[PDB]
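Dumped my_file_2.csv below, it's CSV, N, CA and C atoms:
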chain,number,residue,atom,x,y,z
A,111,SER,N,-89.4,85.3,16.0
A,111,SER,CA,-90.8,85.2,16.3
A,111,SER,C,-91.3,86.6,16.8
A,112,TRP,N,-90.6,87.7,16.5
A,112,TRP,CA,-90.9,89.0,16.9
A,112,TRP,C,-90.9,89.3,18.4
A,113,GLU,N,-90.7,88.3,19.2
A,113,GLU,CA,-90.5,88.5,20.6
A,113,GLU,C,-89.1,88.0,21.1
A,114,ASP,N,-88.4,87.2,20.2
A,114,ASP,CA,-87.0,86.8,20.5
A,114,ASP,C,-86.1,88.0,20.6
A,115,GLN,N,-85.0,87.8,21.3
A,115,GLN,CA,-84.1,88.9,21.5
A,115,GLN,C,-82.9,88.9,20.5
A,116,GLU,N,-82.4,87.7,20.2
A,116,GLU,CA,-81.2,87.6,19.4
A,116,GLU,C,-81.2,86.4,18.5
A,117,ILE,N,-80.4,86.4,17.5
A,117,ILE,CA,-80.2,85.3,16.6
A,117,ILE,C,-78.7,85.0,16.6
A,118,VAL,N,-78.3,83.7,16.9
A,118,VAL,CA,-77.0,83.3,17.2
A,118,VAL,C,-76.5,82.3,16.1
A,119,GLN,N,-75.3,82.5,15.7
A,119,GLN,CA,-74.6,81.6,14.7
A,119,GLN,C,-73.2,81.2,15.2
A,120,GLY,N,-72.9,80.0,15.1
A,120,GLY,CA,-71.6,79.5,15.7
A,120,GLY,C,-70.5,79.4,14.7
A,121,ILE,N,-69.3,79.7,15.1
A,121,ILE,CA,-68.1,79.6,14.2
A,121,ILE,C,-67.1,78.9,15.0
A,122,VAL,N,-66.3,78.0,14.4
A,122,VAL,CA,-65.3,77.2,15.0
A,122,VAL,C,-64.0,77.4,14.2
A,123,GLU,N,-62.9,77.7,15.0
A,123,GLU,CA,-61.6,77.8,14.4
A,123,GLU,C,-60.7,76.7,14.8
A,124,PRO,N,-60.3,75.8,13.9
A,124,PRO,CA,-59.3,74.8,14.3
A,124,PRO,C,-57.9,75.4,14.4
A,125,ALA,N,-57.0,74.6,15.0
A,125,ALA,CA,-55.7,75.0,15.3
A,125,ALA,C,-54.8,73.9,15.3
A,126,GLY,N,-53.5,74.1,14.9
A,126,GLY,CA,-52.5,73.0,14.9
A,126,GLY,C,-51.6,73.1,13.7
A,127,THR,N,-50.3,73.1,13.9
A,127,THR,CA,-49.3,73.0,12.9
A,127,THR,C,-48.5,71.7,13.1
A,128,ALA,N,-48.0,71.2,11.9
A,128,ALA,CA,-47.2,70.0,12.0
A,128,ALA,C,-45.8,70.3,12.6
A,129,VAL,N,-45.1,69.2,12.9
A,129,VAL,CA,-43.7,69.3,13.4
A,129,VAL,C,-43.0,68.1,12.7
A,130,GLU,N,-41.7,68.3,12.5
A,130,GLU,CA,-40.8,67.2,12.0
A,130,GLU,C,-40.8,66.0,13.0
A,131,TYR,N,-40.8,64.8,12.4
A,131,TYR,CA,-40.9,63.6,13.2
A,131,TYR,C,-39.6,63.3,13.9
A,132,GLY,N,-39.8,62.8,15.1
A,132,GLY,CA,-38.7,62.2,15.9
A,132,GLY,C,-39.2,61.2,16.8
A,133,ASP,N,-38.4,60.1,17.0
A,133,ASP,CA,-38.9,58.9,17.7
A,133,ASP,C,-39.2,59.3,19.2
A,134,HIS,N,-38.3,60.0,19.8
A,134,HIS,CA,-38.5,60.4,21.2
A,134,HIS,C,-38.9,61.8,21.4
A,135,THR,N,-39.3,62.5,20.4
A,135,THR,CA,-39.7,63.9,20.5
A,135,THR,C,-41.1,64.0,21.0
A,136,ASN,N,-41.5,65.2,21.5
A,136,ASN,CA,-42.8,65.5,22.0
A,136,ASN,C,-43.8,65.5,20.9
A,137,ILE,N,-45.0,65.0,21.2
A,137,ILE,CA,-46.1,64.9,20.2
A,137,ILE,C,-46.8,66.3,20.2
A,138,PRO,N,-46.8,66.9,19.0
A,138,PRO,CA,-47.5,68.2,18.9
A,138,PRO,C,-49.0,67.9,18.9
A,139,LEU,N,-49.8,68.8,19.3
A,139,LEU,CA,-51.3,68.6,19.4
A,139,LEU,C,-52.1,69.7,18.7
A,140,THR,N,-53.2,69.2,18.2
A,140,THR,CA,-54.2,70.1,17.6
A,140,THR,C,-55.3,70.5,18.6
A,141,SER,N,-56.1,71.5,18.2
A,141,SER,CA,-57.2,71.9,19.1
A,141,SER,C,-58.1,72.8,18.3
A,142,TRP,N,-59.1,73.4,19.0
A,142,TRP,CA,-60.1,74.2,18.3
A,142,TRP,C,-60.7,75.2,19.3
A,143,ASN,N,-61.3,76.3,18.7
A,143,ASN,CA,-62.0,77.3,19.5
A,143,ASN,C,-63.3,77.6,18.9
A,144,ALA,N,-64.3,78.1,19.7
A,144,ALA,CA,-65.6,78.3,19.3
A,144,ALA,C,-66.1,79.7,19.7
A,145,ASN,N,-66.7,80.4,18.8
A,145,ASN,CA,-67.3,81.7,19.1
A,145,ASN,C,-68.7,81.7,18.6
A,146,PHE,N,-69.5,82.6,19.2
A,146,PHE,CA,-70.9,82.7,18.9
A,146,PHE,C,-71.3,84.1,18.5
A,147,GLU,N,-72.1,84.3,17.5
A,147,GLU,CA,-72.4,85.5,16.8
A,147,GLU,C,-73.9,85.9,17.1
A,148,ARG,N,-74.1,87.1,17.6
A,148,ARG,CA,-75.5,87.5,18.0
A,148,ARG,C,-75.9,88.7,17.2
A,149,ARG,N,-77.1,88.7,16.7
A,149,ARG,CA,-77.7,89.8,16.0
A,149,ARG,C,-79.0,90.1,16.7
A,150,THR,N,-79.2,91.4,17.1
A,150,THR,CA,-80.3,91.7,17.9
A,150,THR,C,-81.5,92.0,17.0
A,151,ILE,N,-82.7,91.7,17.5
A,151,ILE,CA,-84.0,91.9,16.8
A,151,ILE,C,-84.5,93.2,17.2
A,152,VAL,N,-84.8,94.1,16.2
A,152,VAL,CA,-85.4,95.4,16.4
A,152,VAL,C,-86.8,95.4,16.0
A,153,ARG,N,-87.7,95.9,16.9
A,153,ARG,CA,-89.1,96.0,16.6
A,153,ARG,C,-89.5,97.4,16.4
A,154,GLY,N,-90.0,97.7,15.2
A,154,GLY,CA,-90.6,99.0,14.9
A,154,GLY,C,-92.1,99.1,15.0
A,155,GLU,N,-92.7,100.2,15.2
A,155,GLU,CA,-94.1,100.3,15.3
A,155,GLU,C,-94.6,101.7,14.7
A,156,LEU,N,-95.8,101.6,14.1
A,156,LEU,CA,-96.4,102.8,13.5
A,156,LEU,C,-97.9,102.7,13.6
A,157,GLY,N,-98.5,103.9,13.9
A,157,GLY,CA,-99.9,103.9,14.2
A,157,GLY,C,-100.7,105.0,13.4
A,158,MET,N,-102.0,105.1,13.7
A,158,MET,CA,-102.9,106.1,13.1
A,158,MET,C,-103.9,106.4,14.1
A,159,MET,N,-104.4,107.7,14.0
A,159,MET,CA,-105.6,108.1,14.7
A,159,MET,C,-106.5,108.8,13.7
A,160,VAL,N,-107.8,108.4,13.6
A,160,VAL,CA,-108.7,109.0,12.7
A,160,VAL,C,-109.9,109.5,13.4
A,161,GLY,N,-110.4,110.7,13.1
A,161,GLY,CA,-111.6,111.3,13.7
A,161,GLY,C,-112.8,111.3,12.8
A,162,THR,N,-113.9,111.5,13.4
A,162,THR,CA,-115.2,111.4,12.7
A,162,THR,C,-115.3,112.6,11.7
A,163,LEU,N,-115.1,113.8,12.1
A,163,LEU,CA,-115.2,115.0,11.2
A,163,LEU,C,-114.1,114.9,10.2
A,164,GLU,N,-112.9,114.5,10.6
A,164,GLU,CA,-111.8,114.3,9.6
A,164,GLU,C,-112.2,113.3,8.5
B,111,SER,N,-40.2,31.1,43.7
B,111,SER,CA,-41.0,32.0,42.9
B,111,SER,C,-40.3,33.3,42.7
B,112,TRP,N,-40.6,34.0,41.7
B,112,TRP,CA,-39.9,35.3,41.4
B,112,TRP,C,-40.3,36.3,42.5
B,113,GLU,N,-41.5,36.4,42.9
B,113,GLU,CA,-41.9,37.3,44.0
B,113,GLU,C,-41.7,36.8,45.4
B,114,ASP,N,-40.5,36.3,45.6
B,114,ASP,CA,-40.2,35.7,46.9
B,114,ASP,C,-39.0,36.6,47.5
B,115,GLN,N,-38.6,36.3,48.7
B,115,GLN,CA,-37.6,37.1,49.4
B,115,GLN,C,-36.4,36.2,49.9
B,116,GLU,N,-36.8,34.9,50.2
B,116,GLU,CA,-35.8,34.0,50.8
B,116,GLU,C,-36.0,32.6,50.3
B,117,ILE,N,-34.9,31.8,50.4
B,117,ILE,CA,-35.0,30.4,50.2
B,117,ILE,C,-34.4,29.7,51.4
B,118,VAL,N,-35.1,28.7,51.9
B,118,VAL,CA,-34.7,28.0,53.1
B,118,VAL,C,-34.3,26.6,52.8
B,119,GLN,N,-33.2,26.1,53.3
B,119,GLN,CA,-32.7,24.7,53.1
B,119,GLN,C,-32.5,24.1,54.5
B,120,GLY,N,-33.1,22.9,54.7
B,120,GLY,CA,-33.0,22.3,56.0
B,120,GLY,C,-32.0,21.1,56.0
B,121,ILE,N,-31.3,21.0,57.1
B,121,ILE,CA,-30.4,19.8,57.3
B,121,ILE,C,-30.9,19.1,58.5
B,122,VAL,N,-31.0,17.8,58.4
B,122,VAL,CA,-31.5,16.9,59.5
B,122,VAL,C,-30.3,16.0,59.9
B,123,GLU,N,-29.9,16.1,61.1
B,123,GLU,CA,-28.9,15.2,61.7
B,123,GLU,C,-29.6,14.1,62.4
B,124,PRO,N,-29.5,12.9,62.0
B,124,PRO,CA,-30.1,11.8,62.8
B,124,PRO,C,-29.1,11.2,63.8
B,125,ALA,N,-29.7,10.4,64.7
B,125,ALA,CA,-28.9,9.9,65.8
B,125,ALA,C,-29.4,8.5,66.2
B,126,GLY,N,-28.6,7.6,66.6
B,126,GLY,CA,-28.9,6.3,67.1
B,126,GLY,C,-27.8,5.3,67.0
B,127,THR,N,-27.7,4.5,68.0
B,127,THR,CA,-26.6,3.4,68.0
B,127,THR,C,-27.3,2.1,68.3
B,128,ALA,N,-26.9,1.1,67.5
B,128,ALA,CA,-27.5,-0.2,67.7
B,128,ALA,C,-26.9,-0.9,69.0
B,129,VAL,N,-27.7,-1.8,69.5
B,129,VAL,CA,-27.2,-2.6,70.7
B,129,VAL,C,-27.5,-4.1,70.4
B,130,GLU,N,-26.9,-4.9,71.1
B,130,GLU,CA,-27.1,-6.4,71.0
B,130,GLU,C,-28.6,-6.7,71.3
B,131,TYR,N,-29.1,-7.7,70.6
B,131,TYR,CA,-30.5,-8.0,70.7
B,131,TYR,C,-30.8,-8.9,72.0
B,132,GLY,N,-31.9,-8.6,72.6
B,132,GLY,CA,-32.4,-9.4,73.7
B,132,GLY,C,-33.9,-9.4,73.7
B,133,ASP,N,-34.6,-10.5,74.1
B,133,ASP,CA,-36.0,-10.5,74.1
B,133,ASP,C,-36.6,-9.5,75.1
B,134,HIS,N,-36.0,-9.5,76.3
B,134,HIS,CA,-36.5,-8.7,77.4
B,134,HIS,C,-35.7,-7.4,77.7
B,135,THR,N,-34.6,-7.2,76.9
B,135,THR,CA,-33.8,-5.9,77.0
B,135,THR,C,-34.6,-4.8,76.5
B,136,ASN,N,-34.4,-3.6,77.1
B,136,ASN,CA,-35.1,-2.4,76.7
B,136,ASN,C,-34.7,-2.0,75.3
B,137,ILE,N,-35.6,-1.4,74.5
B,137,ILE,CA,-35.4,-1.1,73.1
B,137,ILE,C,-34.7,0.2,73.0
B,138,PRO,N,-33.5,0.3,72.3
B,138,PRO,CA,-32.9,1.6,72.0
B,138,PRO,C,-33.7,2.3,70.9
B,139,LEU,N,-33.6,3.6,70.9
B,139,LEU,CA,-34.4,4.5,70.1
B,139,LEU,C,-33.5,5.4,69.3
B,140,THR,N,-33.9,5.7,68.0
B,140,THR,CA,-33.3,6.7,67.2
B,140,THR,C,-34.1,8.0,67.3
B,141,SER,N,-33.4,9.1,66.9
B,141,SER,CA,-34.0,10.4,66.9
B,141,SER,C,-33.4,11.2,65.8
B,142,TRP,N,-33.8,12.5,65.8
B,142,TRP,CA,-33.2,13.4,64.8
B,142,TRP,C,-33.4,14.8,65.3
B,143,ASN,N,-32.6,15.8,64.7
B,143,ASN,CA,-32.7,17.2,65.0
B,143,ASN,C,-32.6,17.9,63.7
B,144,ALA,N,-33.1,19.1,63.6
B,144,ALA,CA,-33.1,19.8,62.3
B,144,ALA,C,-32.6,21.3,62.5
B,145,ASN,N,-31.9,21.7,61.5
B,145,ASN,CA,-31.4,23.1,61.4
B,145,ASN,C,-31.8,23.7,60.1
B,146,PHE,N,-31.8,25.0,60.0
B,146,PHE,CA,-32.3,25.6,58.7
B,146,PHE,C,-31.3,26.8,58.4
B,147,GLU,N,-31.2,27.0,57.1
B,147,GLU,CA,-30.3,28.1,56.5
B,147,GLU,C,-31.2,28.8,55.5
B,148,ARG,N,-31.1,30.2,55.6
B,148,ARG,CA,-31.9,31.0,54.7
B,148,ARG,C,-31.0,31.9,53.9
B,149,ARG,N,-31.3,32.1,52.6
B,149,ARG,CA,-30.6,32.9,51.7
B,149,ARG,C,-31.5,33.9,51.0
B,150,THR,N,-31.2,35.2,51.0
B,150,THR,CA,-32.1,36.1,50.4
B,150,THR,C,-32.1,36.0,48.9
B,151,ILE,N,-33.1,36.6,48.2
B,151,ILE,CA,-33.3,36.6,46.8
B,151,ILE,C,-33.1,38.0,46.2
B,152,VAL,N,-32.3,38.0,45.1
B,152,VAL,CA,-32.0,39.3,44.4
B,152,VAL,C,-32.6,39.2,43.0
B,153,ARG,N,-33.4,40.3,42.7
B,153,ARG,CA,-34.0,40.4,41.4
B,153,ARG,C,-33.3,41.5,40.6
B,154,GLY,N,-32.9,41.1,39.4
B,154,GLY,CA,-32.3,42.0,38.4
B,154,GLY,C,-33.4,42.3,37.4
B,155,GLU,N,-33.3,43.6,36.9
B,155,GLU,CA,-34.3,44.2,36.0
B,155,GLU,C,-33.6,44.8,34.8
B,156,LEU,N,-34.0,44.5,33.6
B,156,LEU,CA,-33.5,45.1,32.4
B,156,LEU,C,-34.5,45.2,31.3
B,157,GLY,N,-34.5,46.2,30.5
B,157,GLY,CA,-35.5,46.5,29.6
B,157,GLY,C,-35.0,47.1,28.3
B,158,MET,N,-35.9,47.4,27.4
B,158,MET,CA,-35.6,47.9,26.1
B,158,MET,C,-36.7,48.9,25.6
B,159,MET,N,-36.4,49.8,24.8
B,159,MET,CA,-37.3,50.8,24.2
B,159,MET,C,-37.1,51.0,22.8
B,160,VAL,N,-38.0,50.7,21.9
B,160,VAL,CA,-37.9,50.7,20.5
B,160,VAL,C,-38.9,51.7,19.9
B,161,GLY,N,-38.4,52.6,19.0
B,161,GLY,CA,-39.2,53.5,18.3
B,161,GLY,C,-39.6,52.9,16.9
B,162,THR,N,-40.6,53.5,16.3
B,162,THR,CA,-41.1,53.0,15.0
B,162,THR,C,-40.0,53.2,13.9
B,163,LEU,N,-39.5,54.5,13.8
B,163,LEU,CA,-38.4,54.7,12.8
B,163,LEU,C,-37.2,53.9,13.1
B,164,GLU,N,-36.8,53.8,14.4
B,164,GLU,CA,-35.6,53.0,14.7
B,164,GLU,C,-35.8,51.6,14.3

Could you render the structure as structure tokens?
Amino acid sequence: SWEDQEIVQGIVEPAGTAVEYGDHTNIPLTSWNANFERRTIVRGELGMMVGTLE
Amino acid sequence: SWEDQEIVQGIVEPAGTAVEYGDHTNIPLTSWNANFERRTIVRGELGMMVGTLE
């Protein structure tokens, strides 16, 4: 909206590898991570000055 | 009951001796006394564990 500062996009990375099965073995677990991506808004300006004789 | 600690058994000893009957003779009387014996309770515990593959 020309006054906002940043635009943000989310990314999620899952995680987890299988393990061989065992009745009394430890249960492996899956998980995930999340990062956010910011792009800054740049405002440029340009002007003019005009005179009567010009 | 399973959630008990002791079991009590009572023994009653009675007493009394008969006499010859008379209309105006004083009446003999019987009586009793009681004793108790207590035995503690022991709980045994045993279990099993079964896996899906097993």

Determine which residues of chain B sit within 6.5 Å of chain A, taking into account only N, CA and C atoms, and present them as a PyMOL selection string. chain B and resi 161-164

Please produce chain A as a compact mmCIF listing (two decimals) with N, CA and C atoms, in the coordinates of the input once it has been superposed on chain B, the fit using all Cα atoms paired in sequence order.
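Just written: result.txt:
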# COMPACT_ATOMS: atom_id res chain seq x y z
N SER A 111 -42.89 33.02 42.51
CA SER A 111 -43.88 33.90 41.95
C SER A 111 -43.20 35.28 41.65
N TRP A 112 -41.87 35.34 41.51
CA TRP A 112 -41.12 36.49 41.27
C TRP A 112 -41.15 37.59 42.33
N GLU A 113 -41.94 37.41 43.35
CA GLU A 113 -41.91 38.29 44.47
C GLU A 113 -41.53 37.56 45.81
N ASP A 114 -41.56 36.17 45.75
CA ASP A 114 -41.06 35.37 46.91
C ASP A 114 -39.60 35.63 47.16
N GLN A 115 -39.21 35.36 48.39
CA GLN A 115 -37.84 35.62 48.75
C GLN A 115 -36.93 34.36 48.68
N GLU A 116 -37.50 33.22 49.08
CA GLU A 116 -36.70 32.02 49.20
C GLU A 116 -37.47 30.78 48.85
N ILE A 117 -36.80 29.73 48.55
CA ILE A 117 -37.37 28.43 48.29
C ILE A 117 -36.68 27.45 49.24
N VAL A 118 -37.49 26.68 50.07
CA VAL A 118 -37.05 25.94 51.17
C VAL A 118 -37.33 24.42 50.90
N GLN A 119 -36.37 23.64 51.23
CA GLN A 119 -36.45 22.13 51.13
C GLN A 119 -35.99 21.46 52.44
N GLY A 120 -36.72 20.55 52.88
CA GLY A 120 -36.41 19.93 54.23
C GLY A 120 -35.64 18.66 54.13
N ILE A 121 -34.74 18.44 55.05
CA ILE A 121 -33.93 17.18 55.08
C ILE A 121 -34.00 16.73 56.47
N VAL A 122 -34.09 15.42 56.73
CA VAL A 122 -34.21 14.80 58.00
C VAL A 122 -33.11 13.71 58.08
N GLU A 123 -32.35 13.79 59.24
CA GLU A 123 -31.37 12.77 59.51
C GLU A 123 -31.74 11.91 60.65
N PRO A 124 -32.03 10.62 60.45
CA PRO A 124 -32.26 9.76 61.62
C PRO A 124 -30.96 9.41 62.33
N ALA A 125 -31.13 8.84 63.54
CA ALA A 125 -30.08 8.56 64.41
C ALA A 125 -30.37 7.44 65.24
N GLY A 126 -29.35 6.61 65.63
CA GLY A 126 -29.59 5.44 66.52
C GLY A 126 -28.75 4.27 66.10
N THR A 127 -27.99 3.69 67.00
CA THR A 127 -27.28 2.48 66.85
C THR A 127 -27.82 1.43 67.83
N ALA A 128 -27.69 0.13 67.35
CA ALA A 128 -28.14 -0.92 68.23
C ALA A 128 -27.16 -1.13 69.41
N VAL A 129 -27.63 -1.95 70.36
CA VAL A 129 -26.79 -2.34 71.52
C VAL A 129 -27.16 -3.83 71.74
N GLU A 130 -26.18 -4.54 72.28
CA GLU A 130 -26.38 -5.97 72.73
C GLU A 130 -27.49 -6.03 73.84
N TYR A 131 -28.30 -7.09 73.72
CA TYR A 131 -29.43 -7.22 74.61
C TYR A 131 -28.99 -7.66 75.99
N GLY A 132 -29.71 -7.09 76.93
CA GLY A 132 -29.64 -7.53 78.35
C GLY A 132 -30.88 -7.27 79.03
N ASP A 133 -31.27 -8.20 79.96
CA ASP A 133 -32.62 -8.18 80.55
C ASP A 133 -32.76 -6.86 81.41
N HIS A 134 -31.78 -6.58 82.19
CA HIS A 134 -31.84 -5.37 83.03
C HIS A 134 -31.04 -4.24 82.55
N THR A 135 -30.57 -4.24 81.36
CA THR A 135 -29.75 -3.17 80.80
C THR A 135 -30.62 -2.04 80.35
N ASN A 136 -30.03 -0.83 80.15
CA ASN A 136 -30.68 0.35 79.70
C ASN A 136 -31.10 0.20 78.28
N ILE A 137 -32.27 0.75 77.96
CA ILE A 137 -32.85 0.67 76.58
C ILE A 137 -32.20 1.84 75.78
N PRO A 138 -31.52 1.44 74.69
CA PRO A 138 -30.93 2.49 73.84
C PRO A 138 -32.08 3.13 73.06
N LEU A 139 -31.95 4.32 72.64
CA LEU A 139 -33.04 5.08 71.91
C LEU A 139 -32.56 5.70 70.60
N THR A 140 -33.53 5.70 69.72
CA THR A 140 -33.34 6.38 68.43
C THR A 140 -33.88 7.82 68.44
N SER A 141 -33.53 8.57 67.39
CA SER A 141 -34.05 9.95 67.33
C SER A 141 -33.77 10.46 65.94
N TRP A 142 -34.04 11.77 65.72
CA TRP A 142 -33.92 12.33 64.38
C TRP A 142 -33.69 13.84 64.51
N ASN A 143 -33.10 14.42 63.40
CA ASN A 143 -32.90 15.87 63.32
C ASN A 143 -33.36 16.36 62.02
N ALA A 144 -33.73 17.68 61.91
CA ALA A 144 -34.30 18.25 60.80
C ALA A 144 -33.60 19.57 60.41
N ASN A 145 -33.27 19.73 59.18
CA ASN A 145 -32.68 20.98 58.69
C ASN A 145 -33.45 21.43 57.50
N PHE A 146 -33.36 22.74 57.24
CA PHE A 146 -34.08 23.37 56.17
C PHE A 146 -33.18 24.13 55.23
N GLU A 147 -33.34 24.06 53.95
CA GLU A 147 -32.47 24.47 52.90
C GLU A 147 -33.14 25.69 52.15
N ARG A 148 -32.42 26.79 52.07
CA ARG A 148 -33.04 28.02 51.45
C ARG A 148 -32.22 28.43 50.27
N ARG A 149 -32.87 28.76 49.19
CA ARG A 149 -32.26 29.28 48.00
C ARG A 149 -32.95 30.58 47.69
N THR A 150 -32.14 31.68 47.51
CA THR A 150 -32.72 32.94 47.40
C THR A 150 -33.07 33.20 45.94
N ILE A 151 -34.12 33.99 45.71
CA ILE A 151 -34.64 34.37 44.36
C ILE A 151 -34.02 35.62 44.01
N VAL A 152 -33.33 35.68 42.82
CA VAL A 152 -32.73 36.87 42.25
C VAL A 152 -33.52 37.37 41.14
N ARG A 153 -33.84 38.70 41.16
CA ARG A 153 -34.57 39.33 40.09
C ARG A 153 -33.70 40.22 39.31
N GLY A 154 -33.56 39.91 38.02
CA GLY A 154 -32.87 40.79 37.07
C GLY A 154 -33.73 41.72 36.25
N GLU A 155 -33.29 42.79 35.74
CA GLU A 155 -34.09 43.66 34.98
C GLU A 155 -33.21 44.36 33.83
N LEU A 156 -33.91 44.58 32.71
CA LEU A 156 -33.25 45.21 31.56
C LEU A 156 -34.26 46.02 30.80
N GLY A 157 -33.76 47.22 30.34
CA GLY A 157 -34.67 48.16 29.76
C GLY A 157 -34.17 48.72 28.37
N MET A 158 -34.94 49.66 27.82
CA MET A 158 -34.61 50.35 26.56
C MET A 158 -35.17 51.68 26.66
N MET A 159 -34.46 52.62 25.92
CA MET A 159 -35.01 53.93 25.65
C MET A 159 -34.84 54.20 24.16
N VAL A 160 -35.93 54.61 23.45
CA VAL A 160 -35.86 54.88 22.07
C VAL A 160 -36.33 56.24 21.77
N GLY A 161 -35.66 57.01 20.91
CA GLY A 161 -36.04 58.37 20.50
C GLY A 161 -36.61 58.46 19.12
N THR A 162 -37.24 59.54 18.88
CA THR A 162 -37.99 59.75 17.62
C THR A 162 -36.95 59.86 16.46
N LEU A 163 -35.97 60.69 16.54
CA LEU A 163 -34.95 60.87 15.45
C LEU A 163 -34.18 59.60 15.35
N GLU A 164 -33.82 58.97 16.47
CA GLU A 164 -33.13 57.64 16.40
C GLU A 164 -33.95 56.61 15.61

What residues in stretch 130-161 of chain B get the DSSP label strand (DSSP E)? Please answer as a ChimeraX atom specification. /B:141-150

Restricting it to N, CA and C atoms, dump the selection as an mmCIF file, keeping the file's coordinate frame.
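Writing done, so here's selection_4.cif:
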data_model
loop_
_atom_site.group_PDB
_atom_site.id
_atom_site.type_symbol
_atom_site.label_atom_id
_atom_site.label_comp_id
_atom_site.auth_asym_id
_atom_site.auth_seq_id
_atom_site.Cartn_x
_atom_site.Cartn_y
_atom_site.Cartn_z
ATOM 1 N N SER B 141 -33.400 9.100 66.900
ATOM 2 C CA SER B 141 -34.000 10.400 66.900
ATOM 3 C C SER B 141 -33.400 11.200 65.800
ATOM 4 N N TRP B 142 -33.800 12.500 65.800
ATOM 5 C CA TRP B 142 -33.200 13.400 64.800
ATOM 6 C C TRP B 142 -33.400 14.800 65.300
ATOM 7 N N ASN B 143 -32.600 15.800 64.700
ATOM 8 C CA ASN B 143 -32.700 17.200 65.000
ATOM 9 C C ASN B 143 -32.600 17.900 63.700
ATOM 10 N N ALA B 144 -33.100 19.100 63.600
ATOM 11 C CA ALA B 144 -33.100 19.800 62.300
ATOM 12 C C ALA B 144 -32.600 21.300 62.500
ATOM 13 N N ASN B 145 -31.900 21.700 61.500
ATOM 14 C CA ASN B 145 -31.400 23.100 61.400
ATOM 15 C C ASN B 145 -31.800 23.700 60.100
ATOM 16 N N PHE B 146 -31.800 25.000 60.000
ATOM 17 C CA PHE B 146 -32.300 25.600 58.700
ATOM 18 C C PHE B 146 -31.300 26.800 58.400
ATOM 19 N N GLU B 147 -31.200 27.000 57.100
ATOM 20 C CA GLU B 147 -30.300 28.100 56.500
ATOM 21 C C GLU B 147 -31.200 28.800 55.500
ATOM 22 N N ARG B 148 -31.100 30.200 55.600
ATOM 23 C CA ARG B 148 -31.900 31.000 54.700
ATOM 24 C C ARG B 148 -31.000 31.900 53.900
ATOM 25 N N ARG B 149 -31.300 32.100 52.600
ATOM 26 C CA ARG B 149 -30.600 32.900 51.700
ATOM 27 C C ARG B 149 -31.500 33.900 51.000
ATOM 28 N N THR B 150 -31.200 35.200 51.000
ATOM 29 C CA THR B 150 -32.100 36.100 50.400
ATOM 30 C C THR B 150 -32.100 36.000 48.900
#

Quick one: distance from atom N of residue B:118 to atom N of residue B:156 in Å, one decimal? 24.2 Å

Which residues are near residue B:112? Cut-off 12 Å, only C-alpha atoms, ignore same chain within fewer than 5 positions. Put them as a count of residues only. 7

Residues at most 10 Å from residue B:144, counting only C-alpha atoms, excluding those fewer than 2 positions away in the same chain, as an NGL selection string? :B and (120-124 or 142 or 146)

From atom CA of residue B:128 to atom N of residue B:141 the spacing works out at 11.0 Å

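The space between atom CA of residue B:114 and atom C of residue B:159 spans 28.7 Å.
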
Which residues are close to residue B:140, i.e. within 6.5 Å by all atoms listed in the file, leaving aside same-chain residues fewer than 4 positions away? Reply as a PDB file with N, CA and C atoms, in the frame of the given file.
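Output (around.pdb):
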ATOM      1  N   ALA B 125     -29.700  10.400  64.700  1.00  0.00           N
ATOM      2  CA  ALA B 125     -28.900   9.900  65.800  1.00  0.00           C
ATOM      3  C   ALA B 125     -29.400   8.500  66.200  1.00  0.00           C
ATOM      4  N   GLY B 126     -28.600   7.600  66.600  1.00  0.00           N
ATOM      5  CA  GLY B 126     -28.900   6.300  67.100  1.00  0.00           C
ATOM      6  C   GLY B 126     -27.800   5.300  67.000  1.00  0.00           C
ATOM      7  N   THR B 127     -27.700   4.500  68.000  1.00  0.00           N
ATOM      8  CA  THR B 127     -26.600   3.400  68.000  1.00  0.00           C
ATOM      9  C   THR B 127     -27.300   2.100  68.300  1.00  0.00           C
TER      10      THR B 127
END
